[PDB]
Amino acid sequence: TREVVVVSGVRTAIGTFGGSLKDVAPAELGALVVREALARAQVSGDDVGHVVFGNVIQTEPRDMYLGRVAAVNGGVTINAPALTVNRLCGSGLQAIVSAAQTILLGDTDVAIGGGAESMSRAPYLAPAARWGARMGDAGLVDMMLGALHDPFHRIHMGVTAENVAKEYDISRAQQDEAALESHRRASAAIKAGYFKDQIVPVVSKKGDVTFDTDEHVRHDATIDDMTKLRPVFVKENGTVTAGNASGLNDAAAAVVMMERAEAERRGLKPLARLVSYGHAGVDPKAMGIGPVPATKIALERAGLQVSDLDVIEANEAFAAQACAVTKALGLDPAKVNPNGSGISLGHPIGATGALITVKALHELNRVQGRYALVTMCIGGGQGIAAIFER
Amino acid sequence: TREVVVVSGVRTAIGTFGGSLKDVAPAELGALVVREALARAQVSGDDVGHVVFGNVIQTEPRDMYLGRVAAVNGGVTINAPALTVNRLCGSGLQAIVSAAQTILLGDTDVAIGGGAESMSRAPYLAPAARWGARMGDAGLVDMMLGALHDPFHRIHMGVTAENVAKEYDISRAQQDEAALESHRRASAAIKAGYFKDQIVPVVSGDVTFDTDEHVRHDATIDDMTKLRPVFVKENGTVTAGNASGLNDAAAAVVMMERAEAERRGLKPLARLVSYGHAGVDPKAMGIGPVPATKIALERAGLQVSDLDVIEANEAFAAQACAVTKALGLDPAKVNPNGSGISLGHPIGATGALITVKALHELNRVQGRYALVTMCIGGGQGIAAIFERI
Amino acid sequence: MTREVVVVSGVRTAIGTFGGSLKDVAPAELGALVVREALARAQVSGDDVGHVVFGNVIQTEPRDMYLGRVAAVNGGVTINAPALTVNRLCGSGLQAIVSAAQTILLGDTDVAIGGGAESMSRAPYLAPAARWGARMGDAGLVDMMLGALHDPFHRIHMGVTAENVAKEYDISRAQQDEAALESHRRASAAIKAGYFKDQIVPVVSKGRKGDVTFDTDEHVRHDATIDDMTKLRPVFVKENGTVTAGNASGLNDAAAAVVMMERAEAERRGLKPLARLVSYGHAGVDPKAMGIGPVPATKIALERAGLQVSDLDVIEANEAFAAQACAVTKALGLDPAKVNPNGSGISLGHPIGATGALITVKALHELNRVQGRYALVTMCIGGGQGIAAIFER
Amino acid sequence: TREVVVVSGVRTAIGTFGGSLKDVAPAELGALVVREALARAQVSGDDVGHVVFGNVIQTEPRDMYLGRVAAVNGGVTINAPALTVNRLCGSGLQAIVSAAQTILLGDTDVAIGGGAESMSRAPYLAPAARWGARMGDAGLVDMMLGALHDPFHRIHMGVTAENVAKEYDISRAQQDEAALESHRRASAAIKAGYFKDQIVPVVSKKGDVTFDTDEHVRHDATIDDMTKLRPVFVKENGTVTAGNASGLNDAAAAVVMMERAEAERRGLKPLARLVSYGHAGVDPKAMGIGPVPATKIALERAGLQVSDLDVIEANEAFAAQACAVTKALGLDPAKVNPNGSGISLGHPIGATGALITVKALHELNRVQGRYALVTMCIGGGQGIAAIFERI
């Protein structure tokens, strides 16, 4: 009966779209967190048996190799297999689940899960360039916005959040208060130095610039800042604004996992063990509540209940769906995203699931809790959830 | 001890670059094979618990959702989770492995693995479009060629094949004979109707595409030998004739836990015995199958001689000949009905579609064990072993 | 002494179809070809040319910003000669000839070349967001050929402008389709009787396949019937439309050039001119009715020449659309037998910036063939203009 | 003997590449100067008989119609013919010459010559987009740089300037001193308000922004700013830098001309009359000295000599060729570009010839001089020159 343990977890600070990480490609963001995660774990790259990375937006040809490039350039041996996965907003946690699966099934004893996303460097496509437009204006397709639209109905993820706000009765006022609180919690967490340990600096080159602070957060935010904003996604009876929706963002993160008995052998104290995970599909139009069935599956499989959870990282894609999720599961809002989430810290799509796992495990240790839940909604109508035990 | 069994497998015919499938997006290719695979299995889309699809080249925004779009539009329930994976040339077999893993770990009893790729519809990128080029000529980046270049050294997969031909002593004459044979085998197989069952027609009065159009039915050895090396200036062996084509296709298999299939009274095509992954030198990616296959054999408690049918993707005759030599495979059993050189190499779909080929061939000859394996750009290999019935 | 401009030679390429025989030949090379061959036909050295003006609307590559200079120098004109590119849209090619003539009339030089070159096959797409970035949201690749064919004030196709003029001047669908059929018939007859043989310079492309020579106007339909026209649907408007692909001009590639010189400089050289320039005229009209631009322009030219319509033996009046071409002849009271007697834009094609030069070449050779006295060349111009010139043999 | 007189001249301030005019299309720049030139002349747009505009870089489809769009949107009647011309760097002065020709030959009594260029909004082309690239990386072609490369030899204009510096013995030290002086002269001229009258504000839209000062000029320039710069255009033995070459720039300008007897009829006091013009072709590799033969032609045709000239606007494309031109013609440097030129104020290609005509005529009136020369070199190997007299 094999068990997966997490031995280290690290992330970059989360850059804003067009911001501090604009000039750093996903491959380099991924290699950075891989190298630093291995160092933190005191594990040689020669001993890694599998690498899985999450990523949604291919920014360049190397991104088709992202898992391999982040692995090898981060010092993982060329003898290790390397995968890239795409479950959209869930990709980062999927990477960690896929990597854990290779350990559980005995394929290897040591693996790395992570994610990297650069929404700053998202490309435009030219779909007529290969075979020609012949006659008539042609398109340059924004592939970032592509990621943010449902593939069946071609609506923005934000209008899907309006559907969820409607169905679960989450008011504008509730969304804006949740958004304000996320910024307040994030700001408090940055100032109290909660993120210091888990963040790897990115340094670029008067002199050297080092980016190590989550730059999306608004430290001086007020409720009127929220309430003055206009709905962006829908024309009538709208509630979702730029202020109470997640940002567009750059980041990466990675965790090193290994089989329980490997960690013991090496004398490594784990951050936590993986208890269970769950996946769900839901209506594409209501993708924001994906976490509800996924979390229930993970709880069931763990033999746990909501009250058992000490720390919850449930990505704030939009305050609309985030409020719906906590209401529907009956979560205590004080335990959910205690240090902020997508609205305040940002939502770097394919990295997010890996980076909020990193947050959850460091927070779990900080408060000496027992159980952590990590869960997020997924574009196209899905949810993913995992539960960890310290 | 849960066991994964394959209950159906289907593929499109393989289109040529700029050819019969030029106007059909990966999403639609994927939905087609998903629908038809489920029908063949006599399984309702309502009963599918996971879907994983392989794909390397994003041709449009929907391709970021490919697994989910191919699932739902193929009649899988919205309640099923859906994943897209990318292990380059191995993506299609990886999808089948990831889907099987969800069964093996008890996450579900019914899953679909597949792949879809449209190299015809591979985009150009404009990386300066968002923030501007400002001054000076800018690039439109061919993302198909992007897929075919090593990400460390920026060399074509084909120069990697030259390295392998050099290291394992595979001559130009070998490679051209192997290429000619692949075409001959593929042609024979098409004419004898071996592929008829496994191929789902794509219909666009109508044109209906159901025959693998890359194959050259009239090929001669002088066709090969007159060709010039394409990938290296000097001392080259690898040509357009003895390298794999650029191609469009999809494929999908429906898998379920052994006891599910029994419950349903379904006769499986085969069971999954084992799989193996390896990394290798990026510069010698073509021999990735060798360590991967050895891992799979070890895990299965098998040896080479146990294998009745082998699908080992011909990315280039150079590496394909090296793989069979290094493993000591019998060339008669390897790619008996052609492979990437003759049928084509639709990157992300290939691993799923040669699994489909392997299983139908295994049943045709009433063999016991099948190996599916392929080399992977960037220096990897992936292999799986199946057993009939 | 009062100076006079005479045309001593005129040549054109055959007119290629969009995506057709001239797809792989840039304007610069089309221009250099007609310059070289015009000079040869005139028996004039490139060393003796004092000015070159070329018409061109669509810039296909960076060299096209230099077109007049590149066509001049690569055609064997001395580097010492000034060289100009002009753009009056559909009129550019006649404007080039007018501007070149003006340099002679004002005594700036004694020898000049007017021409035009256009490759609508090689028209580019623009990316206007590329330089400074789109930032967020889908961006555009702008089809600059279609750009040339839309009015800059109202962003309507030239063809909807032709619908306006069909409406105002009462030119019926039936009239337009008959005019279109007749243009093809006239063009076909002219090609077969060899009328164009002398004026056409072959374009020969050498390649890994040996030599290909293009010397026949490939837009013309030699087997056209009236039911070919009548079965077509209106393309430019979605109610009450009359203008179709069949009775509108084609999209086309071509070049042409004429060598002009002061009357006394031809006599000196013992050259027999094709014709002299008598007068020219320019007009502006409503952009929405641009097709009738020729009417006021032609009246100005006739006035300045002290002539009337009955004096004209040959008329090249570009068929941009049968709709406006019929309106122009009706409004001026022209005799349809004398107007575009060997076809025009509908049948032979409309290579925008070259067209005015190439129908001047047609007019002067036809004038000589029938031993007429006076030729009128005129055409409508996008954005609401006309241009006209009158020549005497 | 019909005579052409200039009754008004106006320009925009010259914007820098990516600068204050980055969001204003050539069509709008052109319409603005047309409207304001007509107002200054006290002439109705209904009375204009011809419009000609210079432009080299098509930035959008409307730029194929530029003359017509600048005319009509500037309030010129739709009944007026309208032309766009391209003689590269000379286009602006060519537009004024072509317009004057329509008057001289009796086609009309009132015409407008101008130029407009937006190098900020120069496009990228995608030449594979129409018919397809098929396989392999494809190009986005920078059309601004396209304008700045010779079409025979595909060398930058700047390497052509190195050839001229070499042939006419103009040292790095000479070029840098000339560059510094151009900035000093421009700065002095801006501060003393010399340009105030001729400049039409561009006001665009956190409320309204008004641009009315030539923003390329460096008011604090020193010689060690020049001398620290490295040659940009050639590998070895280079003298031409970013500091002593002209800028990339946006602008427009226009002048209203009419037949002498029309102006008298209207009781308008002209700025000047056109005396003569001249065109020359030269070696493409030495295009920078185009002005020399063109100016000699214009002087000959006018029956004038160099000493007759009180004000000279001879575009500084590069200090290398600008110094060569003045040396070869034996011009007095004090009279040449007395208030700066392309190095300091900028070089908005297709507008430049119009806008330095505007400068020349206003300067000629300011100093109560008699004769002005306007001349500039032209890419591909040409020159153009015109001479004006203040009556």
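Here the Cβ positions follow ideal geometry from the backbone for every residue, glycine too, while neighbour counts run over all protein chains shown. The numbers here are math on the coordinates, done by the rules we state, and not lab data.
One table, with the values for the structure above:
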quantity	calculated
Only listed residue being within 23 Å of B:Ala270 (Cα to Cα) and of a type in the set (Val, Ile, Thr), chosen from B:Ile57, B:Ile96	B:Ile96
Residue check for B:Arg68: touching an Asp or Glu at 6+ places or on another chain (Cβ under 7 Å), more than 12 Å from B:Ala252 (Cα to Cα) and among the charged types (D, E, K, R)	no
Per-region count, region C:1-32, residues crowded, with 24+ Cβ neighbours inside 10 Å and in a helix (DSSP H, G or I)	4
Of all residues making up region B:20-65, the number that are over 24 Å from B:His360 (Cα atoms) and at the interface with chain A (Cβ under 8 Å from one of its Cβ atoms)	11
All positions within region C:215-258 that are in contact with a helix residue (DSSP H, G or I) (Cβ under 7 Å, 6 or more places away or on another chain), among the polar types (S, T, N, Q) and closer than 23 Å to C:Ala363 by Cβ	C:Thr216, C:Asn247
Checking B:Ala252 against (1) closer than 23 Å to B:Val5 by Cβ; (2) in contact with a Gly (Cβ under 6 Å, 6 or more places away or on another chain); (3) in a helix (DSSP H, G or I), the condition it does not meet	(3)
Scan of region D:187-214 for residues that are closer than 28 Å to D:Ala165 by Cβ and acidic (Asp, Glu), ordered by number	D:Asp214
Whichever residue in region C:167-181 is within 22 Å of the chain's Cα centre (by Cα) and of a type in the set (A, V, I, L, M) and, among such residues, is nearest to C:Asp227 (Cα to Cα)	C:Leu181
Selection count, region A:66-81, where residues are within 30 Å of A:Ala280 (Cα to Cα) and more than 7 Å from chain B (Cβ to nearest Cβ)	4
Residue check, D:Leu309 touching a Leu at 6+ places or on another chain (Cβ under 7 Å) and at negative phi	yes
Residue list for region D:293-316, restricted to those being buried (at least 24 other Cβ atoms within 10 Å of the Cβ) and touching a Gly at 6+ places or on another chain (Cβ under 9 Å)	D:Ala294, D:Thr295, D:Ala298, D:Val311, D:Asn315, D:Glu316
In region B:16-39, the residues that are among the small types (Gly, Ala, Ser) and either within 19 Å of B:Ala80 (Cβ to Cβ) or touching a helix residue (DSSP H, G or I) at 6+ places or on another chain (Cβ under 9 Å) (or both)	B:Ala25, B:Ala27, B:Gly30, B:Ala31, B:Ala37, B:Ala39
Boolean, C:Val201 is touching a strand residue (DSSP E or B) at 6+ places or on another chain (Cβ under 6 Å) and either within 14 Å of chain D (Cβ to nearest Cβ) or surrounded by 20 or more Cβ atoms within 10 Å (Cβ to Cβ) (or both)	yes
Qualifying positions in region A:83-92 - facing chain B (nearest Cβ under 7 Å), of a type outside the set (S, T, N, Q) and under 16 Å from A:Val255 (Cα atoms)	A:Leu83, A:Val85
Conditions (1) assigned to a loop (DSSP other than H, G, I, E, B); (2) surrounded by fewer than 22 Cβ atoms within 10 Å (Cβ to Cβ); number of the one not met by B:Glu181	(1)
Subset of region D:326-361 (residues that are of a type outside the set (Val, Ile, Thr), buried (at least 24 other Cβ atoms within 10 Å of the Cβ) and in a helix (DSSP H, G or I))	D:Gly350, D:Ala351, D:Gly353, D:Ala354, D:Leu355, D:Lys359, D:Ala360, D:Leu361
Residue selected from region C:289-325 under the condition assigned to a strand (DSSP E or B) and more than 15 Å from the chain's Cα centre (by Cα), by the criterion farthest from C:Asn368 (Cα to Cα)	C:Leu312
Counted residues, region B:184-206 - those being closer than 20 Å to B:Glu361 by Cβ and assigned to a loop (DSSP other than H, G, I, E, B)	7
Subset of region A:33-60 [in a helix (DSSP H, G or I) and touching a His at 6+ places or on another chain (Cβ under 9 Å)]	none
Enumerated strands (runs of 3 or more DSSP E) restricted to region D:93-156, each holding at least 2 residues that are away from chain C (no Cβ under 11 Å) and surrounded by 24 or more Cβ atoms within 10 Å (Cβ to Cβ)	D:110-118
Identity of the residue in region D:338-391, over 21 Å from D:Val164 (Cβ atoms) and in contact with a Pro (Cβ under 9 Å, 6 or more places away or on another chain), that ends up nearest to the other protein chains (Cβ to nearest Cβ)	D:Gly350
